[PDB]
């Protein structure tokens, strides 16, 4: 079965940037529901196994009667698992190779941060802003709807911000760009490095 991973720090470790009550519901309620629903969907078709990253890379392989529910809850599970690991109570620095890849893709770091901030601002409704590695090994900023994940288009995400309202409403209310800025404070760039390394090597 899919399991709910633990937060690898205390619920309040990201304060004042993300508030402990949000971390608690976001993980114990929202995330747990994605895992519970993904298990129920998968229980229905044991023959397909449970490797979500493989199943959701090509959604039409998933039998029709559970497809949208797996996209939604199976995607909710993967997006959130990735998200907890990209957050750090301790400040970190963009790694040399990650930084170099950025200048190359965007021209400078501030250009990236601005392209990223804007994909996150203008994602209308519920969804996620992403930094991804191309099938060409290049970086792109994108944004997806709801729990849709870029791995469904063969893109490898190395950074991700959740812009569903539940992620920021208790701390920032309507002011999503305040929450976006706060995110840059608590990114775990070591996770980003590892994801990006894993992106290139498995290619």
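Positions refer to the first chain, counted from 1.
Just going by the entry, 40 to 48 versus 154 to 162 on mean CA temperature factor gives the higher value to 40 to 48.
For the pair 191 to 199 and 176 to 184, the record assigns the higher mean C-alpha temperature factor to 191 to 199.
The entry lists a Cα temperature factor for residue 29 that places it in the middle third of the chain's modelled residues. Sort the chain's modelled residues by C-alpha temperature factor and residue 145 lands in the lowest third, per the entry. Placement of the Cα temperature factor of residue 20 within the chain: middle third of the modelled residues, per the deposited record. Sort the modelled residues of the chain by CA B factor and residue 68 lands in the middle third. Remark: residue 124 belongs to the lowest third of its chain, ranked by C-alpha B-factor as recorded.
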